[PDB]
Amino acid sequence: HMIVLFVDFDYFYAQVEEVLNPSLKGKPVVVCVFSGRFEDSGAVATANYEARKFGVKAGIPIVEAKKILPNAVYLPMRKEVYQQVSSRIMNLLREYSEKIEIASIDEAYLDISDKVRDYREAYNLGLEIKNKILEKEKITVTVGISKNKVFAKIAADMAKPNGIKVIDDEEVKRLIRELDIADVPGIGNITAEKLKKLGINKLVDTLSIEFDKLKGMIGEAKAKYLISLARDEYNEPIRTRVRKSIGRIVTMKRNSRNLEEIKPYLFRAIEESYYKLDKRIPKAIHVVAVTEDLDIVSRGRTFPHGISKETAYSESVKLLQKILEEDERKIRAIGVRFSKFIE
DNA sequence: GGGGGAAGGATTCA
DNA sequence: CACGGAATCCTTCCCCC
Ligand SMILES: Nc1nc2c(ncn2[C@H]2C[C@H](O)[C@@H](COP(=O)(O)OP(=O)(O)OP(=O)(O)O)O2)c(=O)[nH]1
Ligand SMILES: [Ca+2]
Ligand SMILES: [Ca+2]
Ligand SMILES: [Ca+2]
C-alpha cells in the first residue's frame with residue numbers, strides 16, 4: 001500500500017557550480033552569501049564534500065570557513081541559476097509520475113504506487129531516475145524509498161551522498177524503536193530537548209505517554225504527527241504546493257533606527273519583491289526586521305483588496321514606523337513579505 | 001461557548 | 001558573527017451570535 005520515492009539533489013548549489021565550471025570538481029567549493037557589512041561578512045549557503053570534511057558547512061560565517069580552508073574556492077550564491085536548473089530537473093522527474101510534490105529547491109516526492117509493484121522495481125526506477133538526471137544534467141542525487149514521505153526522506157538521509165536506499169516495512173518497525181527521535185524530520189533542537197525532558201528518546205516512547213501532556217508540551221499538531229508515525233499509521237499524500245508568499249530582505253551597511261537611513265534598503269526590497277511577484281497580486285504585506293541582537297521583529301497588514309506598489313511603499317513605511325516605536329534596538333536587516341495572493 | 005479571523009512570533013528546513 | 005527565504009503551527013486578542 002503506497003510506495004513513496006524521494007529525490008534529494010547532492011550538495012546542490014556547490015555541485016551546480018561545479019557543473020558550470022568543471023575546473024572546480026575535485027577541490028573544496030564554498031557557496032556564500034556576502035553582506036557589505038565587512039570584507040567577508042556573511043554565511044555559507046553550502047559547500048561540497050571536499051570541504052564538509054573539515055567542518056565547513058551551511059550556516060557558519062564565511063570568515064570561519066576561511067580560517068579552516070583559506071585556499072578553498074569561495075563562490076557567491078547565484079540563486080536564480082540554481083533555480084532554473086532545479087526546474088529543469090523537476091520537469092525531468094514528472095516523466096516518472098503524475099503524483100509529484102516539490103518540497104524545495106532540490107527536493108521532490110514521487111508517488112509511484114499505481115506505477116510499479118514491489119520494492120525491487122522501486123529500487124530500479126530509482127537507479128533509472130538517477131542515471132537520467134545524471135546524464136541529462138550531470139547532477140548526482142540521492143534517492144530514498146519507503147511507505148510514506150517521512151521514511152522516504154529519512155532513507156535518503158541515510159544513503160547520502162549519491163546513493164539510494166529502501167526502508168522496507170520490517171525496517172520501519174525497527175526505526176520506530178531504534179532511530180533517534182531527533183533524527184526525525186520536523187524535530188529541531190527546540191523540540192528534541194523538550195522531548196528528552198519528557199523521557200522520549202525514540203519514536204516509540206511517544207506511545208507510552210499521555211497525549212495531553214505531550215500535546216501540552218510540543219503542541220497538538222506535533223503530537224499527532226509523532227504518535228501517528230509511532231503507530232506506523234502516518235500517511236500524508238503527495239500533493240502539489242504553490243507558493244504562499246514572496247519576499248526579500250537585505251542587511252544594511254550598518255545598524256540603525258533612522259527612518260530615512262533605512263527607507264532606501266526597504267524600498268529596494270519592495271521593488272525587488274514586486275518583480276518576483278510577476279503576475280501575482282498580494283492582499284497582505286509584512287515588514288520584517290532583524291534587530292542588532294539578531295532577533296526578528298515584524299509588523300503586517302491585510303487589505304480587503306490587492307496591494308499596488310504605490311500602496312506598498314507607503315504602508316511599508318508605517319509598519320517600519322510601528323516597529324521602531326515598539327522595539328528599542330537598532331535594526332540590522334530590513335525586508336518585506338507579500339502574501340494572501342488574489343484568487 | 002465557540003466559530004472566524006488577523007496579527008506577532010516560534011520552530012523547522014533548505 | 002550567524003544569510004536568504006518560506007511554510008506551518010501556536011498563542012492571543014477580537015467581534016459577535
Ligand atoms: N542561504 C542558505 N541556503 C541554504 C541553507 N541550507 C541549505 N541551503 C540551500 C543550499 C543547499 O545546497 C540547498 C539544499 O540543502 P541541503 O540541506 O539539501 O544541503 P545540500 O543539498 O547542499 O547538501 P546535501 O548533499 O543535501 O547534504 O538549500 C542555509 O542555511 N542558508
Ligand atoms: Ca540536497
Ligand atoms: Ca534538501
Ligand atoms: Ca533533527
# chains A, B, ... in the order shown; residues from 1 in each chain; ligands from 1

$ residues_around --residues "residue C:12" --least-positions-apart "4" --cutoff "12 Å" --atoms "only C-alpha atoms (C1' of nucleotides)" --output "MDAnalysis selection string"
chainID B and resid 5:9

$ write_last_selection --atoms "N, CA, C and O atoms (P, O5', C5', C4', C3', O3' and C1' of nucleotides)" --output "mmCIF file, in the first residue's frame"
data_model
loop_
_atom_site.group_PDB
_atom_site.id
_atom_site.type_symbol
_atom_site.label_atom_id
_atom_site.label_comp_id
_atom_site.auth_asym_id
_atom_site.auth_seq_id
_atom_site.Cartn_x
_atom_site.Cartn_y
_atom_site.Cartn_z
ATOM 1 P P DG B 5 -13.293 32.957 7.704
ATOM 2 O "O5'" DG B 5 -12.020 33.897 8.005
ATOM 3 C "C5'" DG B 5 -11.679 34.106 9.374
ATOM 4 C "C4'" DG B 5 -11.341 35.545 9.663
ATOM 5 C "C3'" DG B 5 -9.903 35.790 9.206
ATOM 6 O "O3'" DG B 5 -9.709 37.155 8.847
ATOM 7 C "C1'" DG B 5 -10.020 35.819 11.581
ATOM 8 P P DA B 6 -8.473 37.564 7.897
ATOM 9 O "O5'" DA B 6 -7.478 38.364 8.879
ATOM 10 C "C5'" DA B 6 -7.868 39.651 9.363
ATOM 11 C "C4'" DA B 6 -6.992 40.063 10.519
ATOM 12 C "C3'" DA B 6 -5.524 40.009 10.093
ATOM 13 O "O3'" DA B 6 -4.820 41.071 10.726
ATOM 14 C "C1'" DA B 6 -5.830 38.644 11.959
ATOM 15 P P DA B 7 -3.607 41.790 9.963
ATOM 16 O "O5'" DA B 7 -2.583 42.094 11.162
ATOM 17 C "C5'" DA B 7 -3.132 42.419 12.440
ATOM 18 C "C4'" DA B 7 -2.362 41.732 13.539
ATOM 19 C "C3'" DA B 7 -0.877 41.700 13.170
ATOM 20 O "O3'" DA B 7 -0.127 42.150 14.286
ATOM 21 C "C1'" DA B 7 -1.572 39.595 13.887
ATOM 22 P P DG B 8 1.273 42.892 14.050
ATOM 23 O "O5'" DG B 8 2.276 42.016 14.952
ATOM 24 C "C5'" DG B 8 2.009 41.905 16.351
ATOM 25 C "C4'" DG B 8 2.739 40.726 16.943
ATOM 26 C "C3'" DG B 8 4.181 40.683 16.437
ATOM 27 O "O3'" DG B 8 5.027 40.429 17.555
ATOM 28 C "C1'" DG B 8 3.112 38.614 16.017
ATOM 29 P P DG B 9 6.614 40.283 17.350
ATOM 30 O "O5'" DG B 9 6.820 38.717 17.649
ATOM 31 C "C5'" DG B 9 6.101 38.133 18.739
ATOM 32 C "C4'" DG B 9 6.125 36.624 18.674
ATOM 33 C "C3'" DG B 9 7.544 36.129 18.379
ATOM 34 O "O3'" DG B 9 7.738 34.927 19.105
ATOM 35 C "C1'" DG B 9 6.074 35.190 16.870
#

$ closest_atom_pairs --of "chain A" --to "ligand 2" --cutoff "10 Å" --atoms "only C-alpha atoms and all ligand atoms" --output "JSON lines"
{"residue": "A:7", "atom": "CA", "partner": "ligand 2", "partner_atom_place_in_ligand_line": "1 (Ca)", "distance": 8.4}
{"residue": "A:8", "atom": "CA", "partner": "ligand 2", "partner_atom_place_in_ligand_line": "1 (Ca)", "distance": 4.6}
{"residue": "A:9", "atom": "CA", "partner": "ligand 2", "partner_atom_place_in_ligand_line": "1 (Ca)", "distance": 4.3}
{"residue": "A:10", "atom": "CA", "partner": "ligand 2", "partner_atom_place_in_ligand_line": "1 (Ca)", "distance": 4.6}
{"residue": "A:11", "atom": "CA", "partner": "ligand 2", "partner_atom_place_in_ligand_line": "1 (Ca)", "distance": 5.4}
{"residue": "A:12", "atom": "CA", "partner": "ligand 2", "partner_atom_place_in_ligand_line": "1 (Ca)", "distance": 5.7}
{"residue": "A:13", "atom": "CA", "partner": "ligand 2", "partner_atom_place_in_ligand_line": "1 (Ca)", "distance": 8.9}
{"residue": "A:104", "atom": "CA", "partner": "ligand 2", "partner_atom_place_in_ligand_line": "1 (Ca)", "distance": 9.4}
{"residue": "A:105", "atom": "CA", "partner": "ligand 2", "partner_atom_place_in_ligand_line": "1 (Ca)", "distance": 8.7}
{"residue": "A:106", "atom": "CA", "partner": "ligand 2", "partner_atom_place_in_ligand_line": "1 (Ca)", "distance": 5.8}
{"residue": "A:107", "atom": "CA", "partner": "ligand 2", "partner_atom_place_in_ligand_line": "1 (Ca)", "distance": 6.9}
{"residue": "A:140", "atom": "CA", "partner": "ligand 2", "partner_atom_place_in_ligand_line": "1 (Ca)", "distance": 9.8}
{"residue": "A:141", "atom": "CA", "partner": "ligand 2", "partner_atom_place_in_ligand_line": "1 (Ca)", "distance": 7.3}
{"residue": "A:142", "atom": "CA", "partner": "ligand 2", "partner_atom_place_in_ligand_line": "1 (Ca)", "distance": 7.8}
{"residue": "A:156", "atom": "CA", "partner": "ligand 2", "partner_atom_place_in_ligand_line": "1 (Ca)", "distance": 9.3}
{"residue": "A:157", "atom": "CA", "partner": "ligand 2", "partner_atom_place_in_ligand_line": "1 (Ca)", "distance": 9.1}
{"residue": "A:160", "atom": "CA", "partner": "ligand 2", "partner_atom_place_in_ligand_line": "1 (Ca)", "distance": 8.8}
{"residue": "A:161", "atom": "CA", "partner": "ligand 2", "partner_atom_place_in_ligand_line": "1 (Ca)", "distance": 8.8}
{"residue": "A:162", "atom": "CA", "partner": "ligand 2", "partner_atom_place_in_ligand_line": "1 (Ca)", "distance": 9.9}

$ write_last_selection --atoms "N, CA, C and O atoms" --output "short mmCIF file (atom, residue, chain, number, x, y, z; two decimals), in the first residue's frame"
data_model
loop_
_atom_site.label_atom_id
_atom_site.label_comp_id
_atom_site.auth_asym_id
_atom_site.auth_seq_id
_atom_site.Cartn_x
_atom_site.Cartn_y
_atom_site.Cartn_z
N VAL A 7 13.46 12.28 -3.90
CA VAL A 7 14.72 12.65 -4.56
C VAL A 7 15.29 13.90 -3.90
O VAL A 7 14.59 14.90 -3.72
N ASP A 8 16.58 13.82 -3.55
CA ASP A 8 17.30 14.90 -2.89
C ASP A 8 18.65 15.17 -3.60
O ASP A 8 19.60 14.42 -3.38
N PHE A 9 18.75 16.24 -4.40
CA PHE A 9 20.00 16.53 -5.13
C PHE A 9 21.21 16.67 -4.20
O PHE A 9 21.09 17.21 -3.15
N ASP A 10 22.38 16.22 -4.60
CA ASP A 10 23.56 16.33 -3.73
C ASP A 10 24.24 17.71 -3.68
O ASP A 10 24.43 18.36 -4.71
N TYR A 11 24.61 18.13 -2.46
CA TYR A 11 25.26 19.41 -2.20
C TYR A 11 25.02 20.39 -3.36
O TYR A 11 25.90 21.10 -3.84
N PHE A 12 23.74 20.43 -3.72
CA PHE A 12 23.18 21.18 -4.81
C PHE A 12 23.78 22.47 -5.36
O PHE A 12 24.12 22.50 -6.54
N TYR A 13 23.89 23.53 -4.57
CA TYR A 13 24.44 24.76 -5.14
C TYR A 13 25.90 24.59 -5.53
O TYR A 13 26.33 25.08 -6.57
N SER A 104 11.29 21.54 -2.02
CA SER A 104 12.15 22.73 -2.01
C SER A 104 12.91 22.91 -3.32
O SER A 104 12.54 22.34 -4.34
N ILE A 105 13.97 23.71 -3.29
CA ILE A 105 14.79 23.94 -4.48
C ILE A 105 15.50 22.67 -4.96
O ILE A 105 16.07 22.67 -6.04
N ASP A 106 15.48 21.59 -4.17
CA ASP A 106 16.18 20.36 -4.59
C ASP A 106 15.60 19.08 -4.00
O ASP A 106 16.29 18.06 -3.88
N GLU A 107 14.33 19.16 -3.60
CA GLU A 107 13.62 18.03 -3.01
C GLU A 107 12.33 17.81 -3.75
O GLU A 107 11.72 18.78 -4.23
N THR A 140 24.28 14.62 -9.59
CA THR A 140 24.03 13.41 -8.82
C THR A 140 23.10 13.76 -7.67
O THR A 140 23.17 14.84 -7.08
N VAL A 141 22.21 12.82 -7.39
CA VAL A 141 21.25 12.99 -6.33
C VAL A 141 21.21 11.73 -5.49
O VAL A 141 21.94 10.78 -5.75
N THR A 142 20.38 11.74 -4.45
CA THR A 142 20.23 10.58 -3.59
C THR A 142 18.74 10.26 -3.55
O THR A 142 17.90 11.16 -3.48
N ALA A 156 16.85 8.58 2.23
CA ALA A 156 17.88 9.35 1.52
C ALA A 156 18.97 9.88 2.47
O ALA A 156 20.16 9.84 2.14
N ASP A 157 18.54 10.39 3.63
CA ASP A 157 19.47 10.90 4.63
C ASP A 157 20.50 9.83 4.92
O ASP A 157 21.70 10.07 4.91
N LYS A 160 22.97 9.22 1.79
CA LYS A 160 23.77 10.30 1.20
C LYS A 160 25.27 10.01 1.30
O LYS A 160 25.72 9.45 2.30
N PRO A 161 26.05 10.41 0.29
CA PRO A 161 25.62 11.10 -0.93
C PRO A 161 25.50 10.19 -2.15
O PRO A 161 25.84 9.01 -2.09
N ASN A 162 25.02 10.74 -3.25
CA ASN A 162 24.86 10.00 -4.49
C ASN A 162 24.55 8.54 -4.21
O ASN A 162 25.22 7.62 -4.69
#

$ atom_distance --atom1 "atom CA of residue A:256" --atom2 "atom CA of residue A:331"
5.3 Å

$ residues_near_ligand --ligand "ligand 4" --cutoff "7 Å" --atoms "only C-alpha atoms (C1' of nucleotides) and all ligand atoms" --output "number ranges by chain"
A: 182-189

$ write_last_selection --atoms "N, CA and C atoms" --output "compact mmCIF listing (two decimals), in the first residue's frame"
# COMPACT_ATOMS: atom_id res chain seq x y z
N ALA A 182 15.35 12.54 17.43
CA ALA A 182 15.89 13.80 16.93
C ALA A 182 16.03 13.71 15.42
N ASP A 183 16.61 12.61 14.94
CA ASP A 183 16.81 12.38 13.51
C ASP A 183 15.50 12.29 12.71
N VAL A 184 14.37 12.57 13.35
CA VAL A 184 13.07 12.54 12.67
C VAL A 184 12.67 13.92 12.12
N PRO A 185 12.41 14.00 10.82
CA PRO A 185 12.03 15.27 10.19
C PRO A 185 10.98 16.08 10.93
N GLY A 186 11.29 17.34 11.19
CA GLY A 186 10.34 18.20 11.87
C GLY A 186 10.63 18.33 13.34
N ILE A 187 11.79 17.81 13.73
CA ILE A 187 12.22 17.85 15.11
C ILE A 187 13.58 18.53 15.21
N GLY A 188 13.55 19.82 15.49
CA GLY A 188 14.77 20.60 15.63
C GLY A 188 15.30 20.51 17.05
N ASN A 189 16.31 21.32 17.37
CA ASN A 189 16.89 21.32 18.70
C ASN A 189 15.87 21.66 19.78

$ atom_distance --atom1 "atom CA of residue A:197" --atom2 "atom CA of residue A:217"
10.2 Å

$ closest_atom_pairs --of "chain C" --to "ligand 1" --cutoff "12 Å" --atoms "only C-alpha atoms (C1' of nucleotides) and all ligand atoms" --output "tab-separated table"
residue	atom	partner	partner_atom_place_in_ligand_line	distance
C:2	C1'	ligand 1	30 (O)	9.6
C:3	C1'	ligand 1	1 (N)	5.4
C:4	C1'	ligand 1	1 (N)	4.9
C:5	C1'	ligand 1	1 (N)	7.4
C:6	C1'	ligand 1	3 (N)	11.6

$ write_last_selection --atoms "N, CA and C atoms (P, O5', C5', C4', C3', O3' and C1' of nucleotides)" --output "PDB file, in the first residue's frame"
ATOM      1  P    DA C   2      29.069  38.014  10.252  1.00  0.00           P
ATOM      2  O5'  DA C   2      27.685  37.291  10.640  1.00  0.00           O
ATOM      3  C5'  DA C   2      27.689  35.937  11.106  1.00  0.00           C
ATOM      4  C4'  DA C   2      26.492  35.183  10.573  1.00  0.00           C
ATOM      5  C3'  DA C   2      25.223  35.883  11.061  1.00  0.00           C
ATOM      6  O3'  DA C   2      24.228  35.839  10.040  1.00  0.00           O
ATOM      7  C1'  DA C   2      25.381  33.705  12.040  1.00  0.00           C
ATOM      8  P    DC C   3      23.994  37.132   9.122  1.00  0.00           P
ATOM      9  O5'  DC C   3      23.744  36.533   7.650  1.00  0.00           O
ATOM     10  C5'  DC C   3      24.609  36.926   6.581  1.00  0.00           C
ATOM     11  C4'  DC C   3      23.957  36.664   5.246  1.00  0.00           C
ATOM     12  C3'  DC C   3      22.581  37.331   5.209  1.00  0.00           C
ATOM     13  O3'  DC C   3      22.313  37.713   3.862  1.00  0.00           O
ATOM     14  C1'  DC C   3      22.314  34.980   5.092  1.00  0.00           C
ATOM     15  P    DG C   4      21.284  38.893   3.555  1.00  0.00           P
ATOM     16  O5'  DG C   4      20.006  38.125   2.956  1.00  0.00           O
ATOM     17  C5'  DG C   4      20.021  36.700   2.875  1.00  0.00           C
ATOM     18  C4'  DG C   4      19.428  36.253   1.561  1.00  0.00           C
ATOM     19  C3'  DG C   4      17.978  36.727   1.473  1.00  0.00           C
ATOM     20  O3'  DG C   4      17.408  36.541   0.177  1.00  0.00           O
ATOM     21  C1'  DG C   4      18.021  34.481   2.092  1.00  0.00           C
ATOM     22  P    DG C   5      15.913  37.042  -0.116  1.00  0.00           P
ATOM     23  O5'  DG C   5      15.033  35.747   0.257  1.00  0.00           O
ATOM     24  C5'  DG C   5      15.276  34.554  -0.493  1.00  0.00           C
ATOM     25  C4'  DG C   5      14.483  33.381   0.021  1.00  0.00           C
ATOM     26  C3'  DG C   5      13.037  33.793   0.302  1.00  0.00           C
ATOM     27  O3'  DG C   5      12.152  32.889  -0.342  1.00  0.00           O
ATOM     28  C1'  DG C   5      13.899  32.517   2.058  1.00  0.00           C
ATOM     29  P    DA C   6      10.739  33.423  -0.860  1.00  0.00           P
ATOM     30  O5'  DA C   6       9.708  32.350  -0.254  1.00  0.00           O
ATOM     31  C5'  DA C   6       9.986  30.959  -0.430  1.00  0.00           C
ATOM     32  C4'  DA C   6       9.448  30.139   0.717  1.00  0.00           C
ATOM     33  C3'  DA C   6       8.079  30.648   1.170  1.00  0.00           C
ATOM     34  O3'  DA C   6       7.204  29.535   1.244  1.00  0.00           O
ATOM     35  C1'  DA C   6       9.448  30.210   3.011  1.00  0.00           C
TER      36       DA C   6
END

$ select_by_dssp --residues "stretch 87-167 of chain A" --states "alpha helix (DSSP H)" --output "number ranges by chain"
A: 87-94, 119-137, 149-159

$ write_last_selection --atoms "N, CA and C atoms" --output "mmCIF file, in the first residue's frame"
data_model
loop_
_atom_site.group_PDB
_atom_site.id
_atom_site.type_symbol
_atom_site.label_atom_id
_atom_site.label_comp_id
_atom_site.auth_asym_id
_atom_site.auth_seq_id
_atom_site.Cartn_x
_atom_site.Cartn_y
_atom_site.Cartn_z
ATOM 1 N N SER A 87 14.325 23.626 -11.870
ATOM 2 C CA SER A 87 13.084 23.499 -12.628
ATOM 3 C C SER A 87 13.216 22.445 -13.713
ATOM 4 N N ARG A 88 14.372 22.443 -14.349
ATOM 5 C CA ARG A 88 14.648 21.514 -15.410
ATOM 6 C C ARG A 88 14.545 20.103 -14.873
ATOM 7 N N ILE A 89 15.274 19.841 -13.789
ATOM 8 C CA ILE A 89 15.277 18.509 -13.172
ATOM 9 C C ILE A 89 13.891 18.132 -12.685
ATOM 10 N N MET A 90 13.157 19.123 -12.199
ATOM 11 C CA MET A 90 11.813 18.872 -11.708
ATOM 12 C C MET A 90 10.950 18.392 -12.879
ATOM 13 N N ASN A 91 11.101 19.018 -14.043
ATOM 14 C CA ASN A 91 10.335 18.578 -15.205
ATOM 15 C C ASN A 91 10.714 17.118 -15.445
ATOM 16 N N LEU A 92 12.011 16.888 -15.601
ATOM 17 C CA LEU A 92 12.555 15.558 -15.844
ATOM 18 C C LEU A 92 12.014 14.453 -14.930
ATOM 19 N N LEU A 93 11.556 14.819 -13.734
ATOM 20 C CA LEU A 93 11.026 13.837 -12.789
ATOM 21 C C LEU A 93 9.554 13.567 -13.037
ATOM 22 N N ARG A 94 8.863 14.539 -13.614
ATOM 23 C CA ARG A 94 7.443 14.347 -13.874
ATOM 24 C C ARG A 94 7.240 13.134 -14.762
ATOM 25 N N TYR A 119 9.129 -3.546 -4.100
ATOM 26 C CA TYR A 119 10.296 -2.705 -3.867
ATOM 27 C C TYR A 119 11.441 -2.916 -4.845
ATOM 28 N N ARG A 120 11.659 -4.159 -5.269
ATOM 29 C CA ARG A 120 12.737 -4.455 -6.214
ATOM 30 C C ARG A 120 12.620 -3.551 -7.437
ATOM 31 N N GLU A 121 11.385 -3.288 -7.850
ATOM 32 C CA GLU A 121 11.132 -2.442 -9.003
ATOM 33 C C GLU A 121 11.239 -0.974 -8.631
ATOM 34 N N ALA A 122 10.919 -0.666 -7.378
ATOM 35 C CA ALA A 122 11.014 0.703 -6.887
ATOM 36 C C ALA A 122 12.475 1.100 -7.046
ATOM 37 N N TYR A 123 13.332 0.288 -6.447
ATOM 38 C CA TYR A 123 14.772 0.471 -6.485
ATOM 39 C C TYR A 123 15.253 0.803 -7.897
ATOM 40 N N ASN A 124 14.995 -0.101 -8.840
ATOM 41 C CA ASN A 124 15.401 0.086 -10.232
ATOM 42 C C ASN A 124 14.969 1.425 -10.794
ATOM 43 N N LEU A 125 13.696 1.741 -10.610
ATOM 44 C CA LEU A 125 13.161 3.005 -11.079
ATOM 45 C C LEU A 125 14.027 4.096 -10.472
ATOM 46 N N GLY A 126 14.468 3.851 -9.242
ATOM 47 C CA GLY A 126 15.333 4.799 -8.584
ATOM 48 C C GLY A 126 16.553 4.984 -9.468
ATOM 49 N N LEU A 127 17.354 3.920 -9.579
ATOM 50 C CA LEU A 127 18.573 3.935 -10.391
ATOM 51 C C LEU A 127 18.323 4.541 -11.763
ATOM 52 N N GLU A 128 17.161 4.250 -12.328
ATOM 53 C CA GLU A 128 16.814 4.789 -13.633
ATOM 54 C C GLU A 128 16.798 6.328 -13.558
ATOM 55 N N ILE A 129 16.051 6.846 -12.585
ATOM 56 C CA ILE A 129 15.921 8.287 -12.361
ATOM 57 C C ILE A 129 17.279 8.956 -12.166
ATOM 58 N N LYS A 130 18.134 8.332 -11.366
ATOM 59 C CA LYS A 130 19.451 8.887 -11.127
ATOM 60 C C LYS A 130 20.207 9.032 -12.450
ATOM 61 N N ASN A 131 20.330 7.929 -13.186
ATOM 62 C CA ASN A 131 21.023 7.924 -14.469
ATOM 63 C C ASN A 131 20.522 9.000 -15.400
ATOM 64 N N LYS A 132 19.216 9.036 -15.593
ATOM 65 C CA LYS A 132 18.608 10.022 -16.464
ATOM 66 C C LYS A 132 18.990 11.427 -16.011
ATOM 67 N N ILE A 133 18.793 11.719 -14.725
ATOM 68 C CA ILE A 133 19.127 13.045 -14.213
ATOM 69 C C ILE A 133 20.626 13.291 -14.373
ATOM 70 N N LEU A 134 21.415 12.267 -14.070
ATOM 71 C CA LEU A 134 22.858 12.370 -14.171
ATOM 72 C C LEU A 134 23.338 12.589 -15.596
ATOM 73 N N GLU A 135 22.752 11.869 -16.553
ATOM 74 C CA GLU A 135 23.164 12.032 -17.943
ATOM 75 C C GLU A 135 22.652 13.344 -18.527
ATOM 76 N N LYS A 136 21.364 13.611 -18.303
ATOM 77 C CA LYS A 136 20.700 14.815 -18.793
ATOM 78 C C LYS A 136 21.269 16.120 -18.240
ATOM 79 N N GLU A 137 21.567 16.147 -16.944
ATOM 80 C CA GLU A 137 22.080 17.367 -16.308
ATOM 81 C C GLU A 137 23.435 17.233 -15.609
ATOM 82 N N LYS A 149 6.168 9.637 3.007
ATOM 83 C CA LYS A 149 7.142 10.702 2.784
ATOM 84 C C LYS A 149 8.201 10.753 3.882
ATOM 85 N N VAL A 150 7.754 10.691 5.127
ATOM 86 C CA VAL A 150 8.665 10.729 6.250
ATOM 87 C C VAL A 150 9.803 9.717 6.143
ATOM 88 N N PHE A 151 9.487 8.434 6.034
ATOM 89 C CA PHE A 151 10.561 7.458 5.938
ATOM 90 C C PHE A 151 11.263 7.486 4.600
ATOM 91 N N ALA A 152 10.576 7.946 3.561
ATOM 92 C CA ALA A 152 11.207 8.045 2.248
ATOM 93 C C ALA A 152 12.395 8.991 2.430
ATOM 94 N N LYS A 153 12.116 10.152 3.021
ATOM 95 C CA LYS A 153 13.117 11.171 3.289
ATOM 96 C C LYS A 153 14.262 10.632 4.141
ATOM 97 N N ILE A 154 13.930 10.052 5.286
ATOM 98 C CA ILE A 154 14.944 9.506 6.176
ATOM 99 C C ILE A 154 15.879 8.578 5.399
ATOM 100 N N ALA A 155 15.289 7.790 4.511
ATOM 101 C CA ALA A 155 16.032 6.843 3.696
ATOM 102 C C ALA A 155 17.183 7.553 3.008
ATOM 103 N N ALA A 156 16.854 8.577 2.227
ATOM 104 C CA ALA A 156 17.883 9.348 1.516
ATOM 105 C C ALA A 156 18.967 9.882 2.469
ATOM 106 N N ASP A 157 18.542 10.389 3.632
ATOM 107 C CA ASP A 157 19.474 10.903 4.634
ATOM 108 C C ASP A 157 20.497 9.829 4.917
ATOM 109 N N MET A 158 20.010 8.623 5.175
ATOM 110 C CA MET A 158 20.900 7.519 5.443
ATOM 111 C C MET A 158 21.820 7.247 4.240
ATOM 112 N N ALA A 159 21.255 7.252 3.035
ATOM 113 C CA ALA A 159 22.025 6.947 1.835
ATOM 114 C C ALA A 159 22.874 8.038 1.181
#

$ closest_residue --among "A:19, A:176, A:218, A:29" --to "chain B" --atoms "only C-alpha atoms (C1' of nucleotides)"
A:218

$ closest_residue --among "A:233, A:260, A:40, A:295" --to "chain B" --atoms "only C-alpha atoms (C1' of nucleotides)"
A:295

$ residues_around --residues "stretch 315-324 of chain A" --least-positions-apart "4" --cutoff "8 Å" --atoms "only C-alpha atoms (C1' of nucleotides)" --output "VMD selection string"
chain A and resid 257 259 263 266 285 to 287 297 to 300 311 328 336

$ interface_residues --of "chain A" --to "chain C" --cutoff "9 Å" --atoms "only C-alpha atoms (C1' of nucleotides)" --output "MDAnalysis selection string"
chainID A and resid 32:35 41:45 59:61 63 219 221:222 243:251 294

$ select_by_dssp --residues "stretch 59-294 of chain A" --states "strand (DSSP E or B)" --output "NGL selection string"
:A and (61 or 73-76 or 100-104 or 107-111 or 141-146 or 164-166 or 180 or 202 or 245-256 or 284-291)

$ closest_residue --among "A:171, A:177, A:64, A:58" --to "ligand 3" --atoms "only C-alpha atoms and all ligand atoms"
A:58

$ closest_residue --among "A:21, A:201, A:46, A:258" --to "chain B" --atoms "only C-alpha atoms (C1' of nucleotides)"
A:46

$ closest_residue --among "A:275, A:283, A:190, A:289" --to "chain B" --atoms "only C-alpha atoms (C1' of nucleotides)"
A:190

$ closest_residue --among "A:15, A:108, A:100, A:50" --to "ligand 3" --atoms "only C-alpha atoms and all ligand atoms"
A:108

$ atom_distance --atom1 "atom CA of residue A:145" --atom2 "atom CA of residue A:3"
7.2 Å
